[PDB]
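Visitor: Structure file entry.cif (mmCIF, C-alpha atoms and all ligand atoms) right here:
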```
data_query
#
loop_
_atom_site.label_atom_id
_atom_site.label_comp_id
_atom_site.auth_asym_id
_atom_site.auth_seq_id
_atom_site.Cartn_x
_atom_site.Cartn_y
_atom_site.Cartn_z
CA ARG A 1 8.89 -60.29 20.66
CA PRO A 2 8.13 -57.25 22.87
CA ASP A 3 4.53 -57.23 24.11
CA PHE A 4 2.88 -54.01 22.91
CA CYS A 5 0.45 -54.42 25.83
CA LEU A 6 3.32 -53.60 28.19
CA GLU A 7 4.24 -50.29 26.54
CA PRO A 8 3.31 -47.06 28.39
CA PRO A 9 0.29 -45.21 26.92
CA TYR A 10 1.21 -42.82 24.11
CA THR A 11 -0.63 -39.50 23.77
CA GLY A 12 1.23 -38.45 20.65
CA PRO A 13 1.99 -34.95 19.27
CA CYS A 14 -1.56 -34.02 18.22
CA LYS A 15 -3.67 -31.86 20.55
CA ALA A 16 -7.08 -33.51 20.80
CA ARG A 17 -8.34 -34.81 24.16
CA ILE A 18 -9.73 -38.19 23.13
CA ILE A 19 -10.29 -40.77 25.85
CA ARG A 20 -8.82 -44.16 24.98
CA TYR A 21 -7.95 -47.32 26.91
CA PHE A 22 -4.57 -48.89 27.56
CA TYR A 23 -3.59 -52.04 29.41
CA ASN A 24 -1.81 -51.11 32.64
CA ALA A 25 0.35 -54.16 33.37
CA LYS A 26 1.27 -52.95 36.87
CA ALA A 27 -2.38 -52.67 37.90
CA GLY A 28 -3.54 -55.60 35.79
CA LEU A 29 -6.40 -53.70 34.17
CA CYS A 30 -7.45 -51.58 31.24
CA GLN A 31 -7.32 -47.91 32.23
CA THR A 32 -8.24 -44.66 30.48
CA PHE A 33 -5.76 -42.08 29.15
CA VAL A 34 -5.67 -39.06 26.85
CA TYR A 35 -4.88 -39.70 23.19
CA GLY A 36 -3.95 -36.72 21.03
CA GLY A 37 -5.59 -37.87 17.81
CA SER A 38 -2.83 -39.33 15.64
CA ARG A 39 0.29 -41.54 15.64
CA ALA A 40 -1.34 -44.06 17.99
CA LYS A 41 0.67 -46.98 19.31
CA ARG A 42 -1.02 -50.38 19.72
CA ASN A 43 -1.76 -50.23 23.47
CA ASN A 44 -4.57 -47.81 22.61
CA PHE A 45 -8.17 -49.01 22.43
CA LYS A 46 -11.55 -47.45 21.75
CA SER A 47 -13.27 -49.48 24.48
CA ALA A 48 -12.50 -51.45 27.62
CA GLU A 49 -13.80 -54.57 25.85
CA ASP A 50 -11.33 -54.18 22.96
CA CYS A 51 -8.51 -53.63 25.44
CA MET A 52 -9.37 -56.71 27.52
CA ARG A 53 -9.79 -58.91 24.44
CA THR A 54 -6.37 -57.88 23.10
CA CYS A 55 -4.31 -57.40 26.26
CA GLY A 56 -6.17 -59.16 29.06
CA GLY A 57 -3.77 -61.18 31.19
CA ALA A 58 -0.60 -59.63 29.74
CA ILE B 1 -4.27 -23.41 26.52
CA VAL B 2 -1.17 -23.05 28.71
CA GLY B 3 -0.17 -19.62 30.01
CA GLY B 4 -3.34 -17.94 28.77
CA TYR B 5 -6.25 -16.08 30.34
CA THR B 6 -10.01 -16.42 30.78
CA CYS B 7 -11.51 -15.06 27.55
CA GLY B 8 -14.81 -14.01 29.09
CA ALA B 9 -18.23 -15.47 28.27
CA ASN B 10 -18.86 -15.59 24.51
CA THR B 11 -16.02 -13.16 23.67
CA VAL B 12 -14.88 -15.62 20.97
CA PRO B 13 -18.29 -16.26 19.26
CA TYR B 14 -16.82 -18.41 16.47
CA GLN B 15 -15.23 -20.92 18.87
CA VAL B 16 -17.10 -24.21 19.06
CA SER B 17 -16.60 -27.42 21.01
CA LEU B 18 -16.73 -30.84 19.34
CA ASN B 19 -18.45 -33.28 21.68
CA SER B 20 -18.63 -37.08 21.48
CA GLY B 21 -19.97 -37.64 24.99
CA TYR B 22 -17.35 -35.17 26.26
CA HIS B 23 -15.26 -32.32 24.81
CA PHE B 24 -12.45 -33.71 22.62
CA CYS B 25 -11.62 -30.91 20.14
CA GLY B 26 -12.36 -27.33 19.19
CA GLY B 27 -13.50 -25.83 15.90
CA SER B 28 -14.26 -22.53 14.16
CA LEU B 29 -17.65 -21.53 12.76
CA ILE B 30 -17.21 -20.09 9.25
CA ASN B 31 -20.91 -19.76 8.34
CA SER B 32 -24.28 -20.83 9.81
CA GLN B 33 -23.86 -24.42 8.59
CA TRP B 34 -20.10 -25.05 8.53
CA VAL B 35 -17.25 -25.51 10.99
CA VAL B 36 -13.50 -25.81 10.32
CA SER B 37 -11.51 -28.19 12.54
CA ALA B 38 -8.54 -30.55 12.32
CA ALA B 39 -8.53 -33.78 10.31
CA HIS B 40 -7.29 -35.71 13.35
CA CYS B 41 -10.45 -34.53 15.14
CA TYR B 42 -12.56 -36.79 12.91
CA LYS B 43 -14.70 -38.90 15.21
CA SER B 44 -18.05 -40.69 15.07
CA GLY B 45 -21.23 -39.07 16.36
CA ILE B 46 -19.89 -35.53 16.59
CA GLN B 47 -22.12 -32.92 18.20
CA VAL B 48 -21.07 -29.30 17.73
CA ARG B 49 -21.59 -27.07 20.75
CA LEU B 50 -21.92 -23.36 19.99
CA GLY B 51 -22.34 -20.39 22.33
CA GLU B 52 -20.36 -22.19 25.03
CA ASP B 53 -18.31 -20.73 27.88
CA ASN B 54 -18.50 -23.14 30.82
CA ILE B 55 -18.26 -26.47 28.97
CA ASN B 56 -19.56 -28.38 32.02
CA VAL B 57 -22.67 -26.31 32.80
CA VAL B 58 -25.76 -25.20 30.85
CA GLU B 59 -25.63 -21.39 30.97
CA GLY B 60 -28.42 -20.46 28.55
CA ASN B 61 -26.71 -19.44 25.31
CA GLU B 62 -25.83 -22.90 24.00
CA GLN B 63 -26.78 -24.44 20.69
CA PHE B 64 -26.12 -28.17 20.39
CA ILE B 65 -26.18 -29.28 16.75
CA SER B 66 -25.12 -32.66 15.39
CA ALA B 67 -22.67 -32.93 12.52
CA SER B 68 -24.45 -34.04 9.34
CA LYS B 69 -21.17 -34.36 7.40
CA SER B 70 -17.45 -34.51 8.24
CA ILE B 71 -15.16 -33.99 5.26
CA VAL B 72 -11.50 -34.70 6.00
CA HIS B 73 -9.07 -33.20 3.47
CA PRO B 74 -8.53 -35.84 0.73
CA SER B 75 -4.76 -35.49 1.12
CA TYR B 76 -4.63 -35.71 4.92
CA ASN B 77 -1.70 -37.87 6.03
CA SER B 78 -2.04 -39.21 9.58
CA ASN B 79 1.70 -39.94 9.82
CA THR B 80 3.13 -36.59 8.69
CA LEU B 81 0.01 -34.64 9.74
CA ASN B 82 0.09 -32.78 6.41
CA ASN B 83 -3.26 -31.29 5.32
CA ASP B 84 -4.66 -31.45 8.85
CA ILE B 85 -8.02 -29.86 8.09
CA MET B 86 -11.63 -31.04 8.21
CA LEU B 87 -14.95 -29.40 7.36
CA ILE B 88 -18.04 -30.20 9.43
CA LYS B 89 -21.57 -29.44 8.24
CA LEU B 90 -24.23 -28.72 10.87
CA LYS B 91 -27.40 -30.85 10.62
CA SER B 92 -29.43 -27.66 11.03
CA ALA B 93 -28.30 -24.06 10.56
CA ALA B 94 -27.01 -22.40 13.72
CA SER B 95 -28.82 -19.27 14.92
CA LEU B 96 -26.41 -16.41 14.40
CA UNK B 97 -26.91 -13.14 16.22
CA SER B 98 -23.43 -11.59 19.30
CA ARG B 99 -22.70 -14.85 21.10
CA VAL B 100 -22.58 -17.19 18.02
CA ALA B 101 -20.88 -15.67 14.98
CA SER B 102 -18.76 -16.77 12.05
CA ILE B 103 -15.09 -15.92 11.53
CA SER B 104 -13.83 -14.72 8.14
CA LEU B 105 -11.43 -16.80 6.07
CA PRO B 106 -8.14 -15.12 5.11
CA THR B 107 -7.52 -13.29 1.84
CA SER B 108 -3.75 -13.73 2.24
CA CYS B 109 -1.32 -15.52 4.56
CA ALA B 110 -0.17 -13.75 7.72
CA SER B 111 3.44 -12.66 8.14
CA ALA B 112 5.85 -13.70 10.89
CA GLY B 113 5.42 -11.55 13.99
CA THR B 114 1.69 -10.99 13.46
CA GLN B 115 -0.13 -11.22 16.81
CA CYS B 116 -2.99 -13.72 16.91
CA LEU B 117 -5.63 -15.04 19.31
CA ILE B 118 -5.58 -18.76 20.08
CA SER B 119 -8.39 -20.27 22.16
CA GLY B 120 -9.76 -23.52 23.55
CA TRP B 121 -10.78 -25.73 26.48
CA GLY B 122 -7.56 -27.74 26.44
CA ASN B 123 -5.05 -28.57 29.18
CA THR B 124 -3.75 -25.48 31.01
CA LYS B 125 -0.60 -27.19 32.35
CA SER B 126 2.71 -27.79 30.57
CA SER B 127 3.53 -30.57 33.04
CA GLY B 128 0.54 -32.25 34.62
CA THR B 129 -3.18 -32.08 33.86
CA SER B 130 -5.86 -29.43 34.46
CA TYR B 131 -8.83 -28.81 32.17
CA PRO B 132 -10.77 -25.52 32.49
CA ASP B 133 -14.52 -25.05 32.78
CA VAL B 134 -14.49 -21.77 30.83
CA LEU B 135 -12.85 -20.87 27.50
CA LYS B 136 -9.17 -19.89 27.65
CA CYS B 137 -7.39 -17.38 25.41
CA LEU B 138 -3.80 -16.71 24.39
CA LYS B 139 -2.16 -13.97 22.35
CA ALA B 140 0.79 -15.38 20.40
CA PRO B 141 2.77 -14.36 17.31
CA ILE B 142 3.21 -16.18 14.01
CA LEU B 143 6.76 -17.55 13.80
CA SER B 144 9.01 -17.74 10.75
CA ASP B 145 9.10 -20.87 8.61
CA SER B 146 12.86 -21.02 9.27
CA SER B 147 12.44 -21.01 13.07
CA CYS B 148 9.61 -23.54 12.77
CA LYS B 149 11.76 -25.92 10.71
CA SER B 150 14.72 -25.51 13.09
CA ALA B 151 12.44 -26.42 16.01
CA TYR B 152 11.01 -29.47 14.20
CA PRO B 153 13.62 -30.81 11.71
CA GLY B 154 12.09 -32.64 8.76
CA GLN B 155 8.53 -32.31 10.07
CA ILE B 156 7.24 -28.93 8.87
CA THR B 157 5.43 -28.95 5.52
CA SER B 158 4.28 -26.00 3.40
CA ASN B 159 0.85 -26.43 5.00
CA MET B 160 2.02 -25.85 8.57
CA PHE B 161 3.21 -22.87 10.60
CA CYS B 162 4.52 -22.32 14.11
CA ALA B 163 3.17 -19.79 16.59
CA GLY B 164 4.05 -18.98 20.18
CA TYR B 165 7.08 -18.17 22.31
CA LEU B 166 10.40 -20.01 22.12
CA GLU B 167 11.11 -19.51 25.83
CA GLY B 168 8.12 -21.72 26.65
CA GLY B 169 5.19 -21.25 29.00
CA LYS B 170 2.52 -20.20 26.47
CA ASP B 171 0.98 -22.65 24.00
CA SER B 172 -2.05 -24.64 22.90
CA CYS B 173 -2.37 -28.14 24.37
CA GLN B 174 -4.42 -31.37 24.42
CA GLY B 175 -8.08 -30.50 24.01
CA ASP B 176 -7.36 -27.41 21.88
CA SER B 177 -6.94 -29.26 18.55
CA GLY B 178 -9.14 -28.09 15.72
CA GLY B 179 -9.53 -24.72 17.42
CA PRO B 180 -8.79 -21.22 15.99
CA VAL B 181 -5.71 -19.02 15.53
CA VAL B 182 -7.24 -15.72 14.50
CA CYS B 183 -5.09 -12.84 13.30
CA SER B 184 -6.56 -9.44 12.45
CA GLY B 185 -10.06 -10.91 12.26
CA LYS B 186 -9.12 -13.77 9.91
CA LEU B 187 -8.87 -17.50 10.63
CA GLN B 188 -5.21 -18.21 9.84
CA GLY B 189 -4.71 -21.43 11.73
CA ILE B 190 -6.07 -24.65 13.18
CA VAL B 191 -4.54 -26.05 16.39
CA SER B 192 -2.73 -29.17 15.20
CA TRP B 193 0.33 -30.56 17.01
CA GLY B 194 3.62 -30.00 18.80
CA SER B 195 6.25 -31.58 21.05
CA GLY B 196 4.38 -31.54 24.35
CA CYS B 197 2.94 -28.17 25.34
CA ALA B 198 4.61 -24.85 26.19
CA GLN B 199 8.07 -26.43 26.15
CA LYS B 200 11.15 -24.29 25.48
CA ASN B 201 12.16 -24.28 21.79
CA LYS B 202 9.01 -26.23 20.87
CA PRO B 203 6.27 -23.80 19.73
CA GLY B 204 2.85 -25.06 18.67
CA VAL B 205 2.33 -26.15 15.06
CA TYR B 206 -0.81 -25.12 13.21
CA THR B 207 -2.52 -25.90 9.91
CA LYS B 208 -2.00 -23.05 7.43
CA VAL B 209 -5.61 -22.11 6.57
CA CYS B 210 -4.57 -19.55 3.95
CA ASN B 211 -3.47 -22.43 1.69
CA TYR B 212 -6.97 -23.97 1.71
CA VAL B 213 -9.38 -21.08 1.10
CA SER B 214 -10.40 -22.14 -2.44
CA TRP B 215 -10.79 -25.78 -1.34
CA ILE B 216 -12.87 -24.75 1.69
CA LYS B 217 -15.22 -22.55 -0.37
CA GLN B 218 -15.69 -25.14 -3.14
CA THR B 219 -16.08 -28.07 -0.74
CA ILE B 220 -18.69 -26.24 1.35
CA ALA B 221 -20.59 -25.29 -1.81
CA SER B 222 -20.54 -28.87 -3.14
CA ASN B 223 -22.03 -30.38 0.03
CA CA C 301 -8.30 -45.74 34.25
CA CA C 302 -22.26 -24.46 28.83
NA NA C 303 -19.29 -18.34 32.47
#
```
Please render this file's structure as structure tokens.
Ligand SMILES: [Ca+2]
Ligand SMILES: [Ca+2]
Ligand code: NA
Guide:
Amino acid sequence: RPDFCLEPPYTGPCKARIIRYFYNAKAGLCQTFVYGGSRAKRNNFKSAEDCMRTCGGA
Amino acid sequence: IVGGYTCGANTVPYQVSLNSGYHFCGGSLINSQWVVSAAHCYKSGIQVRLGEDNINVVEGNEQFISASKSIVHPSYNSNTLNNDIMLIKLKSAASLXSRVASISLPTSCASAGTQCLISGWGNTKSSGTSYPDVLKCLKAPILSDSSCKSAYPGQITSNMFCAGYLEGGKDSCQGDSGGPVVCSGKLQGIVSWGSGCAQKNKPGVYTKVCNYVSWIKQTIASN
């Protein structure tokens, strides 16, 4: 099945500026991005630790 | 805010910033102890920042007050974004004067074409990223329900309204959510969502505050 850890970060339609983490497969690390507040995809984490635990090594 | 202008220090006294270690949403002060924002702006450890202009520097007129309660509308749907409204109670009453003031709730809904003031510390670029230090303002008109539905097929509910310019270039953007849309001195909208920011044929969508006045008043009074 498609690895959700490899999907580009999704800001969504909502207009908040919430900092979340996503696994950047190209760089091999969890990076920060702007999340809009709703309709989050799975490659969206509240902390670097959550991101690494879920997507580390993808 | 994309395509707007610098409001001027404390020229929008009801505009507040929601902070969770950084600015993430806006809000509107409706009385000394209550703020109206968007349901999708619900976050842990919210601190409401009043009397703000430069969001990155202490200028002397700020009041930082923690949220003691955050009541998301009981019918908020995170998928459809229907009922995107939240009420925040201030842990201690804010000191109201000229620089920190409340905005009146509407007595009736505003008609299409009505000019309104939209404000916030959100992204100022339609393509790219640039967040302002000072508060940004934008004058935009309320758009018809028909035009709103045509722009966003099967997405506009009775609790949403569009505002802006169809040609693009002027709109609210990421970081503006929860903020005000004030028309003729009344809070008619809450910055909610849209397809990107300032894109042609994609005006901003806002929560229709006029549909929640009774709920707001009763909820505030029961908390
Ligand atoms: Ca990063
Ligand atoms: Ca400041
Ligand atoms: Na200033």
Visitor: Compute the set of chain A residues within 12 Å of chain B, using all atoms listed in the file, and express it as an mmCIF file with C-alpha atoms, in the coordinates of the input.
Guide:
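Contents of the output file iface20.cif:
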```cif
data_model
loop_
_atom_site.group_PDB
_atom_site.id
_atom_site.type_symbol
_atom_site.label_atom_id
_atom_site.label_comp_id
_atom_site.auth_asym_id
_atom_site.auth_seq_id
_atom_site.Cartn_x
_atom_site.Cartn_y
_atom_site.Cartn_z
ATOM 1 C CA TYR A 10 1.210 -42.820 24.110
ATOM 2 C CA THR A 11 -0.630 -39.500 23.770
ATOM 3 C CA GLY A 12 1.230 -38.450 20.650
ATOM 4 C CA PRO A 13 1.990 -34.950 19.270
ATOM 5 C CA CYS A 14 -1.560 -34.020 18.220
ATOM 6 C CA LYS A 15 -3.670 -31.860 20.550
ATOM 7 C CA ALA A 16 -7.080 -33.510 20.800
ATOM 8 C CA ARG A 17 -8.340 -34.810 24.160
ATOM 9 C CA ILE A 18 -9.730 -38.190 23.130
ATOM 10 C CA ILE A 19 -10.290 -40.770 25.850
ATOM 11 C CA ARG A 20 -8.820 -44.160 24.980
ATOM 12 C CA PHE A 33 -5.760 -42.080 29.150
ATOM 13 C CA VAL A 34 -5.670 -39.060 26.850
ATOM 14 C CA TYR A 35 -4.880 -39.700 23.190
ATOM 15 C CA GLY A 36 -3.950 -36.720 21.030
ATOM 16 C CA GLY A 37 -5.590 -37.870 17.810
ATOM 17 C CA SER A 38 -2.830 -39.330 15.640
ATOM 18 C CA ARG A 39 0.290 -41.540 15.640
ATOM 19 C CA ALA A 40 -1.340 -44.060 17.990
ATOM 20 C CA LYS A 41 0.670 -46.980 19.310
ATOM 21 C CA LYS A 46 -11.550 -47.450 21.750
#
```
Visitor: List all protein, DNA and RNA residues that have any atom at most 9 Å from ligand CA 302 (chain C), counting all atoms listed in the file, and write the list as a ChimeraX atom specification.
Guide: /B:49-62,133-134
Visitor: Using all atoms listed in the file, which protein or nucleic acid residues come within 9 Å of residue 26 in chain A? Drop anything in the same chain fewer than 3 positions from it, and give the result as a PDB file with C-alpha atoms, in the coordinates of the input.
Guide:
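Final file, part03.pdb:
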```
ATOM      1  CA  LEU A   6       3.320 -53.600  28.190  1.00  0.00           C
ATOM      2  CA  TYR A  23      -3.590 -52.040  29.410  1.00  0.00           C
ATOM      3  CA  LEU A  29      -6.400 -53.700  34.170  1.00  0.00           C
TER       4      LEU A  29
END
```
Visitor: Enumerate as an mmCIF file with C-alpha atoms, in the frame of the given file the residues within 9 Å of ligand CA 301 (chain C), counting all atoms listed in the file.
Guide:
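Saved file pocket_34.cif follows:
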```cif
data_model
loop_
_atom_site.group_PDB
_atom_site.id
_atom_site.type_symbol
_atom_site.label_atom_id
_atom_site.label_comp_id
_atom_site.auth_asym_id
_atom_site.auth_seq_id
_atom_site.Cartn_x
_atom_site.Cartn_y
_atom_site.Cartn_z
ATOM 1 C CA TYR A 21 -7.950 -47.320 26.910
ATOM 2 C CA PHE A 22 -4.570 -48.890 27.560
ATOM 3 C CA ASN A 24 -1.810 -51.110 32.640
ATOM 4 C CA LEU A 29 -6.400 -53.700 34.170
ATOM 5 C CA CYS A 30 -7.450 -51.580 31.240
ATOM 6 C CA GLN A 31 -7.320 -47.910 32.230
ATOM 7 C CA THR A 32 -8.240 -44.660 30.480
ATOM 8 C CA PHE A 33 -5.760 -42.080 29.150
#
```
Visitor: Could you tell me how far CA of residue 44 in chain A lies from CA of residue 9 in chain A, in Å and to one decimal?
Guide: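 Straight-line distance from CA of residue 44 in chain A to CA of residue 9 in chain A works out to 7.0 Å.
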Visitor: Do a neighbour search on residue 144 in chain B at 9 Å with only C-alpha atoms, toss out local chain neighbours closer than 2 positions, and write the hits as a PDB file with C-alpha atoms, in the frame of the given file.
Guide:
```pdb
ATOM      1  CA  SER B 111       3.440 -12.660   8.140  1.00  0.00           C
ATOM      2  CA  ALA B 112       5.850 -13.700  10.890  1.00  0.00           C
ATOM      3  CA  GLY B 113       5.420 -11.550  13.990  1.00  0.00           C
ATOM      4  CA  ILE B 142       3.210 -16.180  14.010  1.00  0.00           C
ATOM      5  CA  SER B 146      12.860 -21.020   9.270  1.00  0.00           C
ATOM      6  CA  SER B 147      12.440 -21.010  13.070  1.00  0.00           C
ATOM      7  CA  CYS B 148       9.610 -23.540  12.770  1.00  0.00           C
ATOM      8  CA  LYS B 149      11.760 -25.920  10.710  1.00  0.00           C
ATOM      9  CA  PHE B 161       3.210 -22.870  10.600  1.00  0.00           C
ATOM     10  CA  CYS B 162       4.520 -22.320  14.110  1.00  0.00           C
ATOM     11  CA  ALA B 163       3.170 -19.790  16.590  1.00  0.00           C
TER      12      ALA B 163
END
```
Visitor: Which residue out of B:66, B:203, B:140, B:10 has the minimum interatomic distance to ligand NA 303 (chain C) when only C-alpha atoms and all ligand atoms are used?
Guide: B:10
Visitor: Between B:165, B:88, B:132, B:64, single out the one closest to ligand NA 303 (chain C), counting only C-alpha atoms and all ligand atoms.
Guide: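 Selected residue with least distance to ligand NA 303 (chain C): B:132.
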Visitor: So the first atom is CA of residue 213 in chain B and the second is CA of residue 73 in chain B; what is the distance between them in Å, to one decimal place?
Guide: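 About the pair CA of residue 213 in chain B and CA of residue 73 in chain B: they are 12.4 Å apart.
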Visitor: Using Å and a single decimal, report how far CA of residue 119 in chain B sits from CA of residue 138 in chain B.
Guide: 6.2 Å
Visitor: Would you list the contacts of residue 31 in chain B as a ChimeraX atom specification, taking every protein, DNA or RNA residue within 8 Å and counting all atoms listed in the file, but skipping same-chain residues closer than 3 positions in sequence?
Guide: /B:34-35,101-103
Visitor: With C-alpha atoms kept, could you save the residues just selected as a JSON list (two decimals), in the frame of the given file?
Guide:
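The file below, out39.json, is the result:
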```json
[["chain", "number", "residue", "atom", "x", "y", "z"],
["B", 34, "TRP", "CA", -20.10, -25.05, 8.53],
["B", 35, "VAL", "CA", -17.25, -25.51, 10.99],
["B", 101, "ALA", "CA", -20.88, -15.67, 14.98],
["B", 102, "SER", "CA", -18.76, -16.77, 12.05],
["B", 103, "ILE", "CA", -15.09, -15.92, 11.53]]
```
Visitor: Within 7 Å of residue 4 in chain A, counting only C-alpha atoms, which residues qualify if same-chain residues fewer than 3 places away don't, as a list in words?
Guide: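 So the residues in contact are residues 7, 42 and 43 of chain A.
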Visitor: Could you pull the residues within 8 Å of residue 209 in chain B, counting all atoms listed in the file, minus those fewer than 3 positions along the same chain, as a list in words?
Guide: residues 105, 106, 159, 187, 188, 189, 190, 212 and 213 of chain B
Visitor: Measuring atom to atom with all atoms listed in the file, identify which of B:1, B:9, B:220, B:110 is nearest to residue 184 in chain B.
Guide: B:110
Visitor: Could you please fill out range 24-40 of chain A with N, CA, C and O atoms and send it back as a short mmCIF file (atom, residue, chain, number, x, y, z; two decimals), in the coordinates of the input?
Guide:
```cif
data_model
loop_
_atom_site.label_atom_id
_atom_site.label_comp_id
_atom_site.auth_asym_id
_atom_site.auth_seq_id
_atom_site.Cartn_x
_atom_site.Cartn_y
_atom_site.Cartn_z
N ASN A 24 -2.79 -51.47 31.62
CA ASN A 24 -1.81 -51.11 32.64
C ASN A 24 -1.36 -52.41 33.29
O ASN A 24 -2.06 -52.96 34.15
N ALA A 25 -0.20 -52.90 32.87
CA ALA A 25 0.35 -54.16 33.37
C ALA A 25 0.59 -54.18 34.88
O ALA A 25 0.42 -55.22 35.51
N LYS A 26 1.00 -53.05 35.44
CA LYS A 26 1.27 -52.95 36.87
C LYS A 26 0.00 -53.16 37.69
O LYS A 26 0.01 -53.85 38.71
N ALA A 27 -1.10 -52.57 37.23
CA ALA A 27 -2.38 -52.67 37.90
C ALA A 27 -3.21 -53.86 37.43
O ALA A 27 -4.19 -54.23 38.07
N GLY A 28 -2.81 -54.46 36.31
CA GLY A 28 -3.54 -55.60 35.79
C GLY A 28 -4.94 -55.27 35.29
O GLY A 28 -5.86 -56.07 35.45
N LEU A 29 -5.10 -54.10 34.70
CA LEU A 29 -6.40 -53.70 34.17
C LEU A 29 -6.31 -52.64 33.09
O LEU A 29 -5.31 -51.93 32.97
N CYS A 30 -7.36 -52.57 32.29
CA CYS A 30 -7.45 -51.58 31.24
C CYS A 30 -7.87 -50.28 31.88
O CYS A 30 -8.88 -50.22 32.58
N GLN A 31 -7.07 -49.24 31.68
CA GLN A 31 -7.32 -47.91 32.23
C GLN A 31 -7.49 -46.90 31.10
O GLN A 31 -7.15 -47.17 29.96
N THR A 32 -8.03 -45.74 31.44
CA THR A 32 -8.24 -44.66 30.48
C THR A 32 -7.03 -43.72 30.46
O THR A 32 -6.28 -43.62 31.44
N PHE A 33 -6.84 -43.05 29.33
CA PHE A 33 -5.76 -42.08 29.15
C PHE A 33 -6.15 -41.15 28.02
O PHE A 33 -7.12 -41.40 27.31
N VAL A 34 -5.41 -40.05 27.89
CA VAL A 34 -5.67 -39.06 26.85
C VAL A 34 -4.83 -39.31 25.61
O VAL A 34 -3.60 -39.41 25.69
N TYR A 35 -5.51 -39.49 24.49
CA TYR A 35 -4.88 -39.70 23.19
C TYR A 35 -5.03 -38.39 22.42
O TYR A 35 -6.11 -37.79 22.41
N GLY A 36 -3.95 -37.96 21.78
CA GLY A 36 -3.95 -36.72 21.03
C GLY A 36 -4.62 -36.70 19.67
O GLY A 36 -4.82 -35.62 19.11
N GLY A 37 -4.93 -37.86 19.10
CA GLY A 37 -5.59 -37.87 17.81
C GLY A 37 -4.88 -38.54 16.64
O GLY A 37 -5.53 -38.90 15.65
N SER A 38 -3.56 -38.67 16.71
CA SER A 38 -2.83 -39.33 15.64
C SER A 38 -1.53 -39.96 16.15
O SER A 38 -1.09 -39.67 17.26
N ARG A 39 -0.95 -40.82 15.32
CA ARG A 39 0.29 -41.54 15.64
C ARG A 39 0.13 -42.53 16.80
O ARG A 39 1.07 -42.79 17.54
N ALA A 40 -1.07 -43.10 16.93
CA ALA A 40 -1.34 -44.06 17.99
C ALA A 40 -0.45 -45.28 17.97
O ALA A 40 -0.04 -45.76 16.91
#
```
